[PDB]
Structures are given as C-alpha cells and as structure tokens.
Amino acid sequence: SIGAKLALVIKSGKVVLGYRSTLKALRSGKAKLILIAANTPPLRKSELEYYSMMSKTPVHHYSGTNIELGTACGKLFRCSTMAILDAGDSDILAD
Amino acid sequence: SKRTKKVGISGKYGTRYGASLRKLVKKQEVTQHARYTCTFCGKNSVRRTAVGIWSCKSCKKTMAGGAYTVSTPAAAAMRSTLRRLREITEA
Amino acid sequence: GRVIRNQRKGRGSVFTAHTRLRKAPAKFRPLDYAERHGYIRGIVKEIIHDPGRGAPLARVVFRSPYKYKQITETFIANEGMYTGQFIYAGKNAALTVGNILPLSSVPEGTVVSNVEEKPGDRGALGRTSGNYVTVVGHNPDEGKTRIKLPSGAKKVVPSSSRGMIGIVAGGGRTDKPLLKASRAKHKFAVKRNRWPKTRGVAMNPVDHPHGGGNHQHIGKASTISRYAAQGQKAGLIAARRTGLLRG
Amino acid sequence: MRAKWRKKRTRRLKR
Amino acid sequence: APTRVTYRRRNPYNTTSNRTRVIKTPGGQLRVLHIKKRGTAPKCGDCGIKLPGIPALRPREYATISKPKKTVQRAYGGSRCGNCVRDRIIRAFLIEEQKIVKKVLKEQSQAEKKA
Amino acid sequence: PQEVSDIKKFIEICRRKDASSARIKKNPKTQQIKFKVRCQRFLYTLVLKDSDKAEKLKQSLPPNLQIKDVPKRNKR
RNA sequence: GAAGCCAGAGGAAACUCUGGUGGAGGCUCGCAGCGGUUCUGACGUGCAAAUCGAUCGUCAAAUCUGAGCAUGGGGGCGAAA
RNA sequence: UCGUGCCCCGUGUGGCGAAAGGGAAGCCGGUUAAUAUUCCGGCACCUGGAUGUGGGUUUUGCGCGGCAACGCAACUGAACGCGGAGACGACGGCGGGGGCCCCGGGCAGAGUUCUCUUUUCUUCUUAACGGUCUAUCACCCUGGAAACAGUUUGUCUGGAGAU
RNA sequence: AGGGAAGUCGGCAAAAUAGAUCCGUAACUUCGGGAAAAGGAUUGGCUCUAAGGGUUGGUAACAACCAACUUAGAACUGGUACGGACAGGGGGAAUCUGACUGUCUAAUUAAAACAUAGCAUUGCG
Ligand SMILES: [Zn+2]
Ligand SMILES: [Zn+2]
C-alpha cells in the first residue's frame with residue numbers, strides 16, 4: 001500500500017521531511033511528489049498545492065495525520081508534509 | 001514508587017466524603033486533568049480551560065466538548081448518524 | 001403567621017439573578033431574508049464560559065447584508081464547534097454540526113439544539129449542556145414538524161423554526177459529585193440566592209406550614225392541591241402519583 | 001490622532 | 001536612623017492606584033514616591049501576542065510621542081504582527097485565485113450545459 | 001537638565017535669544033569645569049577638562065549673555 | 001505528604017518494588033485576627049445597662065473586614081434560635 | 001461682509017451615583033509659634049490655544065534603510081470600519097531589581113581605659129525629569145535533528161523546524 | 001515532710017507531659033488514616049576533625065582567589081539542673097451520639113439543634 005511504498009522510498013530513495021524543506025525542494029524544482037497529511041492547516045495545504053501547481057509536481061493527500069505520516073516514514077516525530085526527490089526502487093511515481 | 005494503593009488522585013480528599021463517592025469522582029478527575037492529542041496539530045497539549053471548553057496550548061485552538069472529557073460517546077454517535085443522514089440526503 | 005420564603009422569592013430583592021459576570025444573552029440571529037431564502041456564513045471567533053451556565057457559549061461574527069458592519073452574535077456552542085470554524089445559518093445550509101437550519105430542511109432523526117418554539121423568537125428549546133431535540137416527524141402539507149424534547153415530550157412546531165445541528169457541549173456535568181459544600185455554594189452564588197435551603201419541618205408554625213410540633217413531622221399528606229391558596233403550596237404540588245417506581 | 005488636534009491643525013491652516 | 005515611612009497622599013489603603021516605591025533623598029531621608037501603574041504592551045488583534053517595537057505605556061501617554069514610535073513601517077503596523085500580516089497576504093492571494101479558478105470552471109460547466 | 005557634548009552646539013545655545021544666564025562650576029577635586037546656560041525650558045551644560053580652552057570659550061560667549069562664576073557656598 | 005515527573009532493581013509486556021522529585025487537601029500544631037468552652041474565677045449601687053484574667057475553638061477557607069447600594073413592620077431578613 | 005440659506009449623516013434618543021474602582025501632569029533643599037509634593041530657591045512635566053525659526057519632504061509629488069524580526073528627528077490622511085490599551089481571581093515554589101538588616105577596610109568625631117580591647121558607637125547621602133549602554137519572554141535568518149537532543153527546583157519543547 | 005483521690009454528686013482546681021534528634025509504634029479502618037499512637041535513649045561548655053561550593057586560567061582528575069550556613073563524628077570538662085528563664089501534647093481502654101469542615105439563640109443553653117454533600121419525589125415545553 002501507500003505505507004509500504006513510502007517505506008520503500010525511505011529505504012531506497014531520498015526524501016525531505018517538513019514544510020521548509022518541501023518549500024526548498026519545490027523552489028529548486030527537484031521535487032517529484034509532494035505528500036500532504038490530512039491534518040495539515042488549510043492555508044499551508046493550499047500554498048503547497050499552489051507551489052506544486054507552479055512546479056508541475058503531483059500531490060498525494062495522505063489520509064492519516066502527521067503522526068501517521070511520520071510513522072509511515074519510519075520516524076518517531078510528526079511530519080505534516082514531505083517531498084520525495086528520488087523514487088528509488090519503488091513504483092510511487094506511476095499511480 | 002506508587003504512593004497510594006487505591007485512592008490515587010482522590011488521596012487529596014483524605015478519609016472524607018465516602019469511599020464510593022471518592023471512587024466515583026476519581027474517574028472525572030483523571031479524565032478532566034489528563035492531557036489530550038490535538039485533532040488540528042497532533043500535539044499532546046489539549047487541556048480543559050472551563051467546563052466544556054478544551055484549549056490547545058500549541059496551536060491556540062479552542063474546542064467545545066464534554067464537561068470532563070474532550071468528546072462524549074453521545075456526540076460521537078451524533079457525528080456518525082449525522083454523516084449517515086448527510087449521505088442519505090445528498091444521494 | 002408571616003410571609004414564607006416561597007412567597008418572598010417573588011418580590012425580587014435578594015432573590016434576583018446575578019448579572020455582572022454574564023455578558024450577552026445566548027440566542028440566534030433575527031430571522032431575515034438571507035436565512036429565509038438562502039444561507040449566510042459566520043466565523044466562530046470565541047468559545048467562552050458563561051458564569052452560571054454549564055454550557056459554553058460561542059461568539060460568532062456575521063456580516064451585515066445591508067450595511068458595512070460586522071455583527072457579533074452569541075450562540076450556545078454545540079459539541080465539536082471550534083474557533084475559526086465557518087458556520088452557515090439559513091435554509092440552504094448544509095447538515096453540518098454548528099449550522100443553523102429550519103426544521104423543514106433537516107431529515108428525520110436529526111438532533112438539534114436551541115430550537116425555536118415559534119419562528120423568530122431566536123431559540124427556546126434544548127439549551128442546557130448535553131441536551132438535544134430530536135426531529136421525529138414531518139408534515140409538509142400543514143408545514144408542521146414533530147420534535148422530541150429532553151423531557152420525553154413530543155411537540156409540534158412550525159417547520160420554519162430554526163435549530164442548530166448537534167448536541168450542546170458540556171455533557172455529563174452532573175455525573176461528577178459536588179463533594180464539598182463550598183462547591184454548591186460557588187455553583188449557586190453565581191446564579192441566585194437559593195442556597196443553603198432550610199427544611200420547613202425544622203421551622204416554627206409562623207414560618208412555614210410544616211413547622212412546629214414536639215417531633216419533626218409534616219402532620220398531613222405532603223401532596224397539595226393545584227388550586228391551593230397562595231402560601232399553602234409547600235411540598236408536592238398537584239402530584240398524580242408518588243413513591244419510588246420500580247423501573 | 002484625535003479630532004480636536006486635527007481641528008486645531010486645520011484651524012491654524014484656515015487662519 | 002529613621003527607616004520607617006508614611007504615605008504622601010491622603011489615601012491610606014493599599015489599593016491598585018496607591019502604589020509607591022522607596023527612595024533615599026539627597027537630604028539623606030528615606031521617603032516614598034507615589035508611582036503610576038505599569039503600562040502593558042499592545043497586542044496583535046488576531047493571535048494576541050505582544051507586538052515587538054512598540055513601547056508599553058498608559059493609554060493617554062501614547063498621545064505625547066511621535067507616530068513612528070507607535071507603529072511599525074508595514075501594512076497593519078502596530079495593529080497586527082508580521083506573521084499574521086503574512087498569513088493575511090497569502091490567504092487573500094490564494095482565495096482570490098481559487099475564486100478565479102472556480103468562476104472559470106463554473107462558466108465552462110454552464111457553457112457545457114447550454115450546449 | 002540636558003548635557004551638550006559639542007562646543008559649537010553650546011555656542012549656538014548661547015546665541016539663542018532665550019538664554020538669560022550663564023554660570024561656571026569649577027571642580028578641582030575632579031579636575032573639570034562645567035559651563036551651564038539657563039534657557040527657557042532646559043538648563044544646558046557642557047563639561048570640559050581644566051585647560052585654557054575654558055577661558056577661550058568664555059571669550060567666545062556673547063557679551064550680552066551675563067556670566068558668573070559660582071561661589072564656594074550657595075548662600076541665600 | 002495527593003496527582004504529575006526522574007532514576008534503579010525485576011517482570012515477555014501490563015505492571016511490582018525501592019530511592020527521589022513535587023507541593024494538593026473546604027488536612028493538621030500554632031502567632032495576629034475572628035469567636036466565646038471552662039472556672040463554687042475577679043467584678044455585682046462594676047472600668048463596663050454584658051467588662052476583666054487564665055484557659056479554650058478556628059486560623060488559607062462555608063476565613064475576617066470597610067465604603068457605596070438594596071430589602072421597611074398586618075413588612076423584611078433568617079446555615080431556623 | 002453675516003445674524004438669513006443649502007446640503008450631509010441619521011438605528012437609539014437624559015441625569016445622578018466611588019476623597020479605597022478607572023484617571024493628564026512635581027521632585028529636591030530650605031523656611032513658620034502654628035501651613036507646606038501648596039510658600040521660597042533650583043530643576044521639570046501635562047493640558048489647551050495660537051504662532052514663527054531651524055531642520056525634513058516635494059519638478060520620480062506625500063522619506064530612507066535592513067533578507068527579516070524592524071530601525072531612524074520628521075515623514076499628508078475625511079467619511080466609514082477593524083483592533084489594542086483602559087481591563088482585572090486565589091494559591092505555591094523559583095529568578096531579577098530597589099530599600100532595610102549583617103560583615104570588612106579608610107577619614108573625622110564621641111565613649112571606655114584597675115586590667116584588656118589596632119577597641120565599641122556615630123556621618124560617609126544622591127530625588128523628579130532626560131541622554132546613553134544593557135537587561136527574562138517572544139520574534140527573525142542559515143541549517144535540517146534517532147546513537148533523539150535541549151532543558152527547569154518542578155517535564156516541557158522540537159521536521160507546524162529543535163541544538 | 002509521709003500517704004497518694006482515703007476528698008467530692010463528680011479528679012472541680014492544681015500538679016504532671018511538652019522543643020529538637022534517634023529507636024519504635026497496636027486494635028480498628030471507607031486503605032486515605034489512626035499516629036506526635038503507646039513505650040524508650042539523649043540535649044551544657046570547650047577544643048578539634050570531616051562533608052556539603054563559586055570565579056578565572058590550555059589528568060584542568062590541576063593551580064590561584066573568594067565565600068557563608070547546615071550536617072555528622074571524636075576527645076576533654078562542670079554538674080543538684082543542660083528545650084537550665086521564656087516557650088511548650090498528659091496518655092490509654094471502652095460506650096452513647098452527630099458523618100466530617102461550617103452556622104445560630106448580641107446579654108443565662110454551642111448542642112444528638114441547623115446547614116452540608118449524597119438520595120428520592122413532585123409541577124412545568
Ligand atoms: Zn493543537
Ligand atoms: Zn498576530
């Protein structure tokens with residue numbers, strides 16, 4: 001599922017976790033996919049969707065909260081939004 | 001090092017008010033003074049301000065909930081049947 | 001004898017309700033064109049504690065359709081309302097917690113709060129904490145709606161009466177015991193002078209109909225007729241049954 | 001600021 | 001060495017406005033000095049934090065000082081904080097863009113329904 | 001009371017019309033000299049080290065501005 | 001010395017024990033204050049038309065208290081004599 | 001000339017009530033037989049009203065700088081709106097500051113001194129109002145943290161960005 | 001002085017205990033208490049020792065400077081007495097009674113009285 005593909009991306013590819021790092025990746029234009037958790041503030045959600053619309057980057061709306069997104073990434077902290085920069089061995093880009 | 005075997009938070013009441021009343025009030029005292037995870041920011045910082053009022057220290061959001069609990073089972077069933085009726089009315 | 005405490009409570013004086021810490025009455029917006037034909041959005045900015053009321057109140061700001069002005073209203077908060085939430089009051093509003101709709105626009109089985117007995121009185125029914133009114137029947141031909149009140153009563157109201165969707169916040173307040181006398185004192189010193197209460201059997205015959213005697217007793221049946229004189233009503237008034245029921 | 005002070009300024013201009 | 005003091009005004013009660021501090025005069029006399037209440041900082045109208053850069057004074061004391069000392073050179077300066085102003089700018093721009101996209105989509109849907 | 005740290009500013013304050021008096025305080029324990037001029041609102045003072053620049057500045061004051069050296073005792 | 005928290009020893013975990021931290025309670029000893037239990041008490045045309053001494057109850061609160069205001073006699077007010 | 005006319009806003013339309021609540025602004029020294037933050041001397045502040053000088057802005061008309069938090073001696077702002085201050089419980093420990101208390105040396109003065117006591121005691125002060133340099137919280141920039149870190153007497157903070 | 005409640009309706013009154021450190025503490029119990037339960041060992045002065053810290057400086061686990069109050073241990077010594085005045089619980093076994101904190105008859109009764117939380121009933125959409 002989405003958690004297994006995310007774990008494959010963590011173990012294989014490269015990611016950035018967090019709002020500021022996601023903004024830096026979107027400004028650099030190297031972001032391949034932007035994941036936004038359900039409990040993200042709506043202003044930040046719309047701003048990240050606008051940045052991804054400018055950068056021509058797909059957005060996946062993770063149904064869980066930031067606790068569950070951090071757990072799916074394998075971290076012990078919260079993560080509201082994240083960006084992947086290399087898919088690695090996963091098939092996360094074609095969905 | 002557990003200091004009280006049974007009374008817990010009721011230990012401030014001493015030998016007064018009756019064992020059964022202390023046992024009853026223990027549940028509301030624990031549920032009232034416990035900290036909760038925020039629905040909006042996910043941090044464990046939601047605490048009761050007044051009766052029915054639950055505020056989060058981090059994101060500064062104030063919610064209306066139960067008297068001693070952040071949400072009541074009646075309100076949860078209300079949400080469930082409400083979304084049932086919303087789905088029925090919409091389609 | 002003398003004037004009893006029951007009779008003295010109706011003159012006002014020390015028996016009036018407390019006023020200072022209580023800011024604004026909790027009631028709906030006046031019924032207008034926007035609510036009668038479409039919907040209007042308001043922003044919930046504050047959730048406050050009303051001194052003397054167990055239910056929290058909600059300060060919600062709407063816009064004036066006719067002038068350049070912000071209108072603040074005080075609603076009774078339902079369980080789930082939060083600061084920053086957009087609520088929608090009107091006929092075409094959605095069936096969401098905190099929205100105010102006429103009872104004709106809601107399905108049956110919906111529970112509502114601050115329900116109007118008549119369209120325009122800005123809310124009368126189901127206003128305490130943890131209480132709600134159930135929409136149990138509809139009659140489109142007469143424009144009527146049958147509702148069930150927290151007392152178990154069923155009533156028929158016009159379908160244009162408004163009600164906030166949901167259950168009033170602060171439920172289960174009476175489950176916690178009021179262990180100390182000071183807790184009851186603080187509870188009633190913000191409401192009115194009715195605490196503490198002295199029993200009539202511990203009084204004199206000049207003070208109350210139950211007073212007097214070498215032993216503390218009522219002396220007759222505690223059930224008193226409905227058409228008793230003013231001051232003769234002390235105890236169970238117009239009781240149809242008494243005693244503890246098995247159920 | 002305040003209307004009295006603004007009125008003082010415009011009265012100084014008018015004079 | 002007289003170290004005990006008296007009030008200098010006819011209010012003998014320790015009220016909120018009857019606030020004093022102890023000084024030593026150039027005549028070597030330990031005396032009191034009646035002081036005013038502390039001024040509190042102006043706060044943001046949206047989130048409520050103290051606005052940086054604006055002094056904390058009494059309400060009528062603000063009329064004696066100049067305009068750049070009572071405000072910050074920014075939109076909503078001295079009334080809202082910078083984070084709240086930034087959030088207002090972002091929210092305004094995004095909601096106007098959403099209104100434009102919604103209106104274009106509504107016009108396209110209306111044209112499709114008419115056709 | 002205000003302190004001016006510039007000789008030319010003290011000169012302009014002396015040429016100001018509101019200046020009614022000037023006086024000189026000589027502190028020998030500290031080795032300094034203070035020139036104090038009384039204007040309408042503020043008393044402006046200039047502090048200098050003991051030197052001939054004090055007497056040069058004394059000459060540099062206008063003659064209409066009356067100047068006094070303060071006494072050792074402030075007798076009434 | 002109540003919750004909450006820290007460390008150590010166990011226990012698969014849940015939890016158990018130990019040493020701390022913390023400072024709750026219409027908790028307690030007790031000064032002021034408030035009150036008024038006892039004494040063959042003093043005093044009994046007294047200092048006093050209700051006072052004085054020792055003792056006693058309470059002392060972080062259902063504590064004590066001022067000013068402004070409200071309730072006025074076939075009335076009020078009354079934790080009720 | 002105006003005392004006469006023309007508009008505009010109109011939802012709402014009184015007074016009393018606190019020498020302990022809210023509130024514009026004064027400190028020091030001296031002075032009388034008796035008054036003093038009131039008199040006298042010095043040094044300030046607030047409010048209202050006019051009205052000049054210097055400086056500032058402007059032929060890019062209503063300032064410039066800093067990424068930013070924001071700064072600077074100015075730096076247009078009617079109607080109509082928004083917000084803040086006024087404006088707030090009780091208790092517990094902790095930290096800073098003033099004043100008081102305590103200890104030591106030095107100058108001057110007083111006392112003790114059969115003996116002892118480099119001794120014991122007394123004065124050694126700096127107001128309002130301003131300038132300048134700093135002062136917990138908080139906020140901003142870089143950066144992205146698990147071998148989790150920072151940190152209080154008290155366990156809170158941090159990918160919603162910590163050290 | 002000796003006796004120690006033989007006094008008296010009745011231990012009324014007075015005496016006795018009392019601070020701090022340490023050992024130890026029963027029945028009962030709503031597990032919170034009872035509890036300072038009860039019952040014991042000590043306390044003066046002087047001379048010492050030991051422990052508990054701060055600032056600055058490239059195994060610094062070291063130097064220099066500075067600082068005040070607690071705590072423990074030991075020897076010696078006076079004695080009729082060592083919380084030397086002041087200050088300051090007598091304790092225990094039971095019974096009835098009201099749950100407790102609280103309140104009232106100002107000027108003869110403070111209490112099994114009143115109130116209180118908890119419980120139940122009644123009327124009202
Ligand atoms: Zn939150
Ligand atoms: Zn803000």
# chains A, B, ... in the order shown; residues from 1 in each chain; ligands from 1
call {"tool": "residues_around", "arguments": {"residues": "stretch 196-211 of chain C", "least_positions_apart": "4", "cutoff": "7 Å", "atoms": "only C-alpha atoms (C1' of nucleotides)", "output": "number ranges by chain"}}
result
C: 1-2, 4, 216-218; G: 79-80; I: 115
call {"tool": "residues_around", "arguments": {"residues": "residue H:122", "least_positions_apart": "5", "cutoff": "12 Å", "atoms": "only C-alpha atoms (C1' of nucleotides)", "output": "list in words"}}
result
residues 1 of chain E; 108, 109, 110 and 111 of chain H
call {"tool": "select_by_dssp", "arguments": {"residues": "stretch 127-206 of chain C", "states": "alpha helix (DSSP H)", "output": "list in words"}}
result
residues 181, 182, 183, 184, 185, 186, 187 and 188 of chain C
call {"tool": "write_last_selection", "arguments": {"atoms": "N, CA, C and O atoms", "output": "PDB file, in the first residue's frame"}}
result
ATOM      1  N   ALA C 181     -19.436  21.324  50.407  1.00  0.00           N
ATOM      2  CA  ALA C 181     -20.493  22.330  50.481  1.00  0.00           C
ATOM      3  C   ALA C 181     -20.106  23.590  49.720  1.00  0.00           C
ATOM      4  O   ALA C 181     -20.970  24.283  49.165  1.00  0.00           O
ATOM      5  N   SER C 182     -18.810  23.906  49.692  1.00  0.00           N
ATOM      6  CA  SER C 182     -18.346  25.104  49.008  1.00  0.00           C
ATOM      7  C   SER C 182     -18.542  25.010  47.506  1.00  0.00           C
ATOM      8  O   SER C 182     -18.709  26.036  46.845  1.00  0.00           O
ATOM      9  N   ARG C 183     -18.513  23.799  46.946  1.00  0.00           N
ATOM     10  CA  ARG C 183     -18.747  23.652  45.514  1.00  0.00           C
ATOM     11  C   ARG C 183     -20.183  24.011  45.151  1.00  0.00           C
ATOM     12  O   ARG C 183     -20.420  24.716  44.162  1.00  0.00           O
ATOM     13  N   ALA C 184     -21.149  23.574  45.962  1.00  0.00           N
ATOM     14  CA  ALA C 184     -22.532  24.003  45.775  1.00  0.00           C
ATOM     15  C   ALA C 184     -22.700  25.495  46.040  1.00  0.00           C
ATOM     16  O   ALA C 184     -23.483  26.161  45.347  1.00  0.00           O
ATOM     17  N   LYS C 185     -21.982  26.029  47.035  1.00  0.00           N
ATOM     18  CA  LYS C 185     -22.032  27.463  47.308  1.00  0.00           C
ATOM     19  C   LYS C 185     -21.541  28.276  46.119  1.00  0.00           C
ATOM     20  O   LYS C 185     -22.165  29.271  45.740  1.00  0.00           O
ATOM     21  N   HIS C 186     -20.428  27.861  45.519  1.00  0.00           N
ATOM     22  CA  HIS C 186     -19.906  28.531  44.335  1.00  0.00           C
ATOM     23  C   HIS C 186     -20.814  28.333  43.129  1.00  0.00           C
ATOM     24  O   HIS C 186     -20.896  29.216  42.269  1.00  0.00           O
ATOM     25  N   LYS C 187     -21.480  27.178  43.042  1.00  0.00           N
ATOM     26  CA  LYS C 187     -22.417  26.936  41.951  1.00  0.00           C
ATOM     27  C   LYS C 187     -23.613  27.877  42.018  1.00  0.00           C
ATOM     28  O   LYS C 187     -24.045  28.416  40.993  1.00  0.00           O
ATOM     29  N   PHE C 188     -24.156  28.101  43.214  1.00  0.00           N
ATOM     30  CA  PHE C 188     -25.369  28.900  43.332  1.00  0.00           C
ATOM     31  C   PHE C 188     -25.112  30.383  43.580  1.00  0.00           C
ATOM     32  O   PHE C 188     -26.009  31.198  43.329  1.00  0.00           O
TER      33      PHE C 188
END
call {"tool": "residues_near_ligand", "arguments": {"ligand": "ligand 2", "cutoff": "9 Å", "atoms": "only C-alpha atoms (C1' of nucleotides) and all ligand atoms", "output": "PDB file with C-alpha atoms, in the first residue's frame"}}
result
ATOM      1  CA  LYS E  43      -1.118  43.073  21.340  1.00  0.00           C
ATOM      2  CA  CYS E  44      -1.981  41.586  17.964  1.00  0.00           C
ATOM      3  CA  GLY E  45      -5.657  41.672  17.041  1.00  0.00           C
ATOM      4  CA  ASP E  46      -5.538  38.160  15.552  1.00  0.00           C
ATOM      5  CA  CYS E  47      -3.284  35.975  17.732  1.00  0.00           C
ATOM      6  CA  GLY E  48      -2.794  38.172  20.804  1.00  0.00           C
ATOM      7  CA  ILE E  49       0.988  38.164  21.226  1.00  0.00           C
ATOM      8  CA  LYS E  50       2.866  41.313  22.209  1.00  0.00           C
ATOM      9  CA  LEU E  51       3.745  43.421  19.179  1.00  0.00           C
ATOM     10  CA  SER E  79      -2.045  46.628  14.970  1.00  0.00           C
ATOM     11  CA  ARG E  80      -1.123  43.116  13.786  1.00  0.00           C
ATOM     12  CA  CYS E  81       2.084  41.116  13.962  1.00  0.00           C
ATOM     13  CA  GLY E  82       4.231  40.232  10.972  1.00  0.00           C
ATOM     14  CA  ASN E  83       3.274  36.551  10.869  1.00  0.00           C
ATOM     15  CA  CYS E  84      -0.429  37.436  10.901  1.00  0.00           C
ATOM     16  CA  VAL E  85       0.084  40.028   8.148  1.00  0.00           C
TER      17      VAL E  85
END
call {"tool": "residues_around", "arguments": {"residues": "stretch 97-109 of chain E", "least_positions_apart": "6", "cutoff": "10 Å", "atoms": "only C-alpha atoms (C1' of nucleotides)", "output": "ChimeraX atom specification"}}
result
/A:46,50 /E:91,115
call {"tool": "residues_near_ligand", "arguments": {"ligand": "ligand 1", "cutoff": "12 Å", "atoms": "only C-alpha atoms (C1' of nucleotides) and all ligand atoms", "output": "number ranges by chain"}}
result
A: 39-41; B: 35-47, 54-63; C: 82-83; H: 160
call {"tool": "write_last_selection", "arguments": {"atoms": "N, CA and C atoms (P, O5', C5', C4', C3', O3' and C1' of nucleotides)", "output": "PDB file, in the first residue's frame"}}
result
ATOM      1  N   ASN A  39      -4.310  16.355   8.429  1.00  0.00           N
ATOM      2  CA  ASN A  39      -4.448  17.399   9.441  1.00  0.00           C
ATOM      3  C   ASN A  39      -3.540  18.598   9.197  1.00  0.00           C
ATOM      4  N   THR A  40      -3.034  18.767   7.981  1.00  0.00           N
ATOM      5  CA  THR A  40      -2.285  19.960   7.622  1.00  0.00           C
ATOM      6  C   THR A  40      -3.210  21.176   7.691  1.00  0.00           C
ATOM      7  N   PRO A  41      -2.737  22.323   8.183  1.00  0.00           N
ATOM      8  CA  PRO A  41      -3.544  23.551   8.133  1.00  0.00           C
ATOM      9  C   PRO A  41      -3.931  23.886   6.706  1.00  0.00           C
TER      10      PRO A  41
ATOM     11  N   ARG B  35      -4.113  15.072  29.740  1.00  0.00           N
ATOM     12  CA  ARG B  35      -3.800  15.811  28.522  1.00  0.00           C
ATOM     13  C   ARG B  35      -4.196  14.986  27.305  1.00  0.00           C
ATOM     14  N   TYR B  36      -4.547  15.671  26.220  1.00  0.00           N
ATOM     15  CA  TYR B  36      -5.087  15.019  25.039  1.00  0.00           C
ATOM     16  C   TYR B  36      -4.326  15.438  23.789  1.00  0.00           C
ATOM     17  N   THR B  37      -4.385  14.576  22.778  1.00  0.00           N
ATOM     18  CA  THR B  37      -3.780  14.866  21.488  1.00  0.00           C
ATOM     19  C   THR B  37      -4.718  15.730  20.658  1.00  0.00           C
ATOM     20  N   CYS B  38      -4.176  16.805  20.092  1.00  0.00           N
ATOM     21  CA  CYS B  38      -4.967  17.743  19.311  1.00  0.00           C
ATOM     22  C   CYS B  38      -5.356  17.134  17.972  1.00  0.00           C
ATOM     23  N   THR B  39      -6.594  17.384  17.564  1.00  0.00           N
ATOM     24  CA  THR B  39      -7.080  16.992  16.251  1.00  0.00           C
ATOM     25  C   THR B  39      -6.458  17.830  15.139  1.00  0.00           C
ATOM     26  N   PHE B  40      -6.125  19.089  15.419  1.00  0.00           N
ATOM     27  CA  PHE B  40      -5.662  20.022  14.401  1.00  0.00           C
ATOM     28  C   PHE B  40      -4.152  20.071  14.237  1.00  0.00           C
ATOM     29  N   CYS B  41      -3.379  19.927  15.315  1.00  0.00           N
ATOM     30  CA  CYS B  41      -1.927  19.968  15.214  1.00  0.00           C
ATOM     31  C   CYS B  41      -1.237  18.677  15.622  1.00  0.00           C
ATOM     32  N   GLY B  42      -1.944  17.740  16.248  1.00  0.00           N
ATOM     33  CA  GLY B  42      -1.370  16.456  16.588  1.00  0.00           C
ATOM     34  C   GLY B  42      -0.488  16.439  17.815  1.00  0.00           C
ATOM     35  N   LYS B  43      -0.379  17.548  18.537  1.00  0.00           N
ATOM     36  CA  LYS B  43       0.453  17.610  19.727  1.00  0.00           C
ATOM     37  C   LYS B  43      -0.373  17.314  20.973  1.00  0.00           C
ATOM     38  N   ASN B  44       0.298  16.766  21.987  1.00  0.00           N
ATOM     39  CA  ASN B  44      -0.341  16.384  23.245  1.00  0.00           C
ATOM     40  C   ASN B  44      -0.403  17.609  24.153  1.00  0.00           C
ATOM     41  N   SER B  45      -1.255  18.569  23.769  1.00  0.00           N
ATOM     42  CA  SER B  45      -1.320  19.828  24.502  1.00  0.00           C
ATOM     43  C   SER B  45      -2.742  20.351  24.684  1.00  0.00           C
ATOM     44  N   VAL B  46      -3.758  19.501  24.573  1.00  0.00           N
ATOM     45  CA  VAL B  46      -5.141  19.924  24.760  1.00  0.00           C
ATOM     46  C   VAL B  46      -5.530  19.687  26.212  1.00  0.00           C
ATOM     47  N   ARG B  47      -5.905  20.759  26.906  1.00  0.00           N
ATOM     48  CA  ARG B  47      -6.300  20.688  28.303  1.00  0.00           C
ATOM     49  C   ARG B  47      -7.561  21.515  28.514  1.00  0.00           C
ATOM     50  N   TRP B  54     -12.139  23.091  25.839  1.00  0.00           N
ATOM     51  CA  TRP B  54     -10.848  22.418  25.762  1.00  0.00           C
ATOM     52  C   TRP B  54      -9.940  23.181  24.812  1.00  0.00           C
ATOM     53  N   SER B  55      -8.842  23.715  25.333  1.00  0.00           N
ATOM     54  CA  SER B  55      -7.956  24.556  24.546  1.00  0.00           C
ATOM     55  C   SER B  55      -6.616  23.864  24.358  1.00  0.00           C
ATOM     56  N   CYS B  56      -6.008  24.100  23.199  1.00  0.00           N
ATOM     57  CA  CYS B  56      -4.690  23.569  22.883  1.00  0.00           C
ATOM     58  C   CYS B  56      -3.648  24.659  23.091  1.00  0.00           C
ATOM     59  N   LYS B  57      -2.572  24.316  23.799  1.00  0.00           N
ATOM     60  CA  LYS B  57      -1.541  25.295  24.119  1.00  0.00           C
ATOM     61  C   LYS B  57      -0.669  25.633  22.915  1.00  0.00           C
ATOM     62  N   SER B  58      -0.490  24.699  21.983  1.00  0.00           N
ATOM     63  CA  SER B  58       0.449  24.893  20.871  1.00  0.00           C
ATOM     64  C   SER B  58      -0.180  25.698  19.738  1.00  0.00           C
ATOM     65  N   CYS B  59      -1.279  25.196  19.172  1.00  0.00           N
ATOM     66  CA  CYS B  59      -1.888  25.857  18.024  1.00  0.00           C
ATOM     67  C   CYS B  59      -2.919  26.906  18.418  1.00  0.00           C
ATOM     68  N   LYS B  60      -3.182  27.074  19.720  1.00  0.00           N
ATOM     69  CA  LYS B  60      -4.113  28.080  20.252  1.00  0.00           C
ATOM     70  C   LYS B  60      -5.515  27.927  19.666  1.00  0.00           C
ATOM     71  N   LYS B  61      -6.003  26.693  19.611  1.00  0.00           N
ATOM     72  CA  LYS B  61      -7.353  26.403  19.151  1.00  0.00           C
ATOM     73  C   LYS B  61      -8.213  25.960  20.326  1.00  0.00           C
ATOM     74  N   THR B  62      -9.420  26.512  20.399  1.00  0.00           N
ATOM     75  CA  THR B  62     -10.357  26.242  21.478  1.00  0.00           C
ATOM     76  C   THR B  62     -11.557  25.481  20.932  1.00  0.00           C
ATOM     77  N   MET B  63     -11.871  24.349  21.558  1.00  0.00           N
ATOM     78  CA  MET B  63     -12.918  23.450  21.107  1.00  0.00           C
ATOM     79  C   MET B  63     -13.987  23.326  22.181  1.00  0.00           C
TER      80      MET B  63
ATOM     81  N   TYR C  82     -15.409  24.779  17.034  1.00  0.00           N
ATOM     82  CA  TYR C  82     -14.068  25.250  17.343  1.00  0.00           C
ATOM     83  C   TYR C  82     -13.884  26.664  16.810  1.00  0.00           C
ATOM     84  N   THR C  83     -12.872  27.346  17.342  1.00  0.00           N
ATOM     85  CA  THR C  83     -12.545  28.694  16.891  1.00  0.00           C
ATOM     86  C   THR C  83     -11.985  28.646  15.475  1.00  0.00           C
TER      87      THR C  83
ATOM     88  P     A H 160       6.402  19.929   9.603  1.00  0.00           P
ATOM     89  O5'   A H 160       6.033  21.121  10.592  1.00  0.00           O
ATOM     90  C5'   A H 160       6.577  22.424  10.413  1.00  0.00           C
ATOM     91  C4'   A H 160       5.896  23.450  11.288  1.00  0.00           C
ATOM     92  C3'   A H 160       6.158  23.318  12.787  1.00  0.00           C
ATOM     93  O3'   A H 160       6.170  24.616  13.382  1.00  0.00           O
ATOM     94  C1'   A H 160       3.842  23.121  12.375  1.00  0.00           C
TER      95        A H 160
END
call {"tool": "residues_around", "arguments": {"residues": "residue A:66", "least_positions_apart": "6", "cutoff": "6 Å", "atoms": "only C-alpha atoms (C1' of nucleotides)", "output": "ChimeraX atom specification"}}
result
/A:37,78-80
call {"tool": "select_by_dssp", "arguments": {"residues": "stretch 51-220 of chain C", "states": "strand (DSSP E)", "output": "PyMOL selection string"}}
result
chain C and resi 57-63+70-76+86-90+100-102+111-113+133-139+144-148+154-158+162-165
